[PDB]
Amino acid sequence: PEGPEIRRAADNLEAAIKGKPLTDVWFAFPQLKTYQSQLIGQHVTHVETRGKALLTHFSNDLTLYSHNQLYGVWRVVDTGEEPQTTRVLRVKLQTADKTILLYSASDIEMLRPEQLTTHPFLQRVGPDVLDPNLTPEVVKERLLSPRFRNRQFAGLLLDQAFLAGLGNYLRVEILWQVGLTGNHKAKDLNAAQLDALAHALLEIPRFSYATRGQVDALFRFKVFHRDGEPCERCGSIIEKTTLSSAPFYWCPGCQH
DNA sequence: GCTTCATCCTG
DNA sequence: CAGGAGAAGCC
Ligand SMILES: [Zn+2]
């Protein structure tokens, strides 16, 4: 679940309960139980995302921070209904007609304003690829800054301190799109390559967000999990190798 | 960057 | 039933 999936989730959560008075609130964690009575009657004002971090803001200035990491998942159901699953329920925010449920996630914390501005993660993450204000220009600027210009892409594209929201599938799909291997550094690219990379870093995540689900051609994986299969661009056989602690899918025939 | 955490999926 | 699929740890 990378930036695009998380924003899609957040949009569904907002459509479900944004602005509606909470009729019941439940948290699995003992440390969060105290907030149950405090939030009943309040309402979610908006669901903000920063990369894969999701922030559910409430009308009393509290904010529930949740990060699904590799296994958390939200579900929208009609109030009263309980999904058929073996997953562990961690949060229930219920309104008159709709209820949202967070399953499996382990990183869940209730934040006060002071904790928001200085949260370790929220404080170290870089600009969000889904942020409309972020442009290819600013992205190029970032890639060439002394801070990132010498970083190999294999690790850079997974680092949320560079651009928030990029995960392993976006990492491999972006690099394949621009024909680059994971060992490249922004400082060694020619102007044409840097431009393509800069645009792809924003356009692919935004394309997945807009079309992988919901919609309104369609996003699809070109190399992610297609190792052993022929590249649709050059026909070479896609390979898989571990780079920066995550499986790197790439085509030796058109990625250089 | 390497290892550990943490939950569900998979060979 | 290992260990594969995004952090925090360890600072
Ligand atoms: Zn190819």
Side-chain angles (χ1 to χ4, degrees), chain A residues 1-10 27-32 48-56 63-75 82-92 101-108 110-111 115-116 118-130 147-176 181-186 201 204-205 208-209 212-213 221-229 238-250:
Chain A
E2 310 188 10
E5 295 64 43
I6 298 303
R7 188 57 253 181
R8 279 168 56 202
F27 295 110
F29 296 165
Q31 303 78 194
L32 296 178
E48 165 182 32
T49 51
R50 296 189 182 181
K52 300 157 214 173
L54 193 141
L55 307 171
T56 303
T63 301
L64 183 66
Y65 168 100
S66 59
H67 195 303
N68 294 168
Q69 300 186 86
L70 287 172
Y71 42 76
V73 297
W74 284 90
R75 175 154 192 172
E82 217 171 291
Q84 172 175 49
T85 180
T86 50
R87 280 174 176 277
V88 60
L89 183 64
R90 288 284 160 76
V91 183
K92 189 243 297 194
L101 309 166
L102 174 54
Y103 289 88
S104 318
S106 60
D107 188 349
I108 306 170
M110 190 60 76
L111 305 176
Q115 292 173 288
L116 201 303
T118 56
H119 183 285
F121 181 80
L122 302 177
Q123 191 170 66
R124 303 172 188 174
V125 298
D128 193 317
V129 296
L130 301 186
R147 180 187 180 184
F148 298 120
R149 59 169 41 263
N150 191 57
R151 292 278 298 284
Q152 281 183 287
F153 298 148
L156 185 69
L157 272 49
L158 294 181
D159 194 325
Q160 303 306 287
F162 170 58
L163 289 179
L166 302 181
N168 197 42
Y169 89 65
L170 287 172
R171 161 220 223 188
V172 304
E173 296 294 319
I174 286 163
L175 293 177
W176 177 90
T181 51
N183 44 49
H184 280 285
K185 300 177 179 299
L201 283 162
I204 291 182
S208 175
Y209 169 62
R212 193 180 178 194
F221 298 123
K222 307 293 181 64
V223 295
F224 188 57
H225 278 284
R226 298 181 68 74
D227 53 307
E229 302 174 54
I238 287 68
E239 286 173 42
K240 180 188 69 178
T241 189
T242 300
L243 278 190
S244 300
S245 295
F248 190 74
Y249 296 88
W250 68 296

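The basis for the numbers below is simple: all heavy atoms, side chains too, and nothing from hydrogens, waters or symmetry mates. Numbered from 1 within each chain, the chains take letters A, B, ... in sequence-line order.
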Provide, to the nearest angstrom, the distance between the CG atom belonging to A:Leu101 and the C1' atom belonging to B:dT7.
17 Å
Round to a whole Å and report the spacing from CG of A:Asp107 to P of B:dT4.
20 Å
Salt bridge check, A:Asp159 against A:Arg151: does any charged N sit closer than 4.0 Å to a carboxylate O?
yes
May I ask you to say what A:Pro247 touches in the nucleic acid, namely base, sugar-phosphate or nothing, with a heavy-atom cut-off under 4.0 Å?
sugar-phosphate
Sugar-phosphate only, base, or nothing, as touched by A:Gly72 at under 4.0 Å among non-hydrogen atoms
nothing
When rounded to the nearest Å, what value does the distance between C1' atoms of C:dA7 and C:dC11 take?
16 Å
Short N-O contact, A:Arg50 and A:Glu48, less than 4.0 angstrom
yes
Among C:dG6, B:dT7, B:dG1, find the nucleotide with the atom closest to the side chain of A:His67.
C:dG6
Donor on one side chain, acceptor on other, A:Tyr65 and A:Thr56, under 3.5 Å
no
Contact class for A:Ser245 vs. all strands (heavy atom < 4.0 Å): base, sugar-phosphate, or nothing?
base
Integer-rounded Å distance: B:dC9 P and A:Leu70 CG:
13 Å
Roughly, in whole Å, what's the span from OH in A:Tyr71 to P in C:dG4?
17 Å
Atom CG of A:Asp159 and atom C1' of B:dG1: how far apart are they, to the nearest Å?
11 Å
Judged by each residue's nearest nucleotide on DNA chain B, which is more toward the 5′ side, A:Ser104 or A:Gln69?
A:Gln69
Can you tell me which residue among A:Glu173, A:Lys240, A:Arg226, A:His225 is in a side chain to side chain donor-acceptor pair (under 3.5 Å) with A:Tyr249?
A:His225
Would you mind reading off the distance between A:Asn68 atom CG and C:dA5 atom P, rounded to a whole angstrom?
19 Å
Find which nucleotide of DNA chain C each of A:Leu158 and A:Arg124 is nearest to by heavy atoms, and output the residue with the more 5' nucleotide.
A:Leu158
Does A:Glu5 come within less than 4.0 Å of A:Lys52, counting only side-chain N to carboxylate O?
no
Using atom CG of A:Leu102 as one end and atom P of B:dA6 as the other, report the distance to the nearest whole Å.
16 Å
In whole angstroms, the gap separating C1' of B:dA6 from CD1 of A:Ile108 amounts to 12 Å
Answer with base, sugar-phosphate or nothing: what part of the nucleic acid does A:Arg171 contact at a heavy-atom distance below 4.0 Å?
nothing
Can you tell which of B:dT7, B:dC8, C:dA5 lies closest to the side chain of A:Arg87?
B:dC8
Which is true for A:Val88 with a 4.0 Å heavy-atom rule: it touches a base, it touches only sugar-phosphate, or it touches nothing?
sugar-phosphate
So what does A:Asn168 hit on the nucleic acid, given a heavy-atom distance under 4.0 Å: a base, only sugar-phosphate, or nothing?
sugar-phosphate
From the candidates B:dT7, C:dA8, B:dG1, the one with an atom nearest any side-chain atom of A:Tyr65 is C:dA8
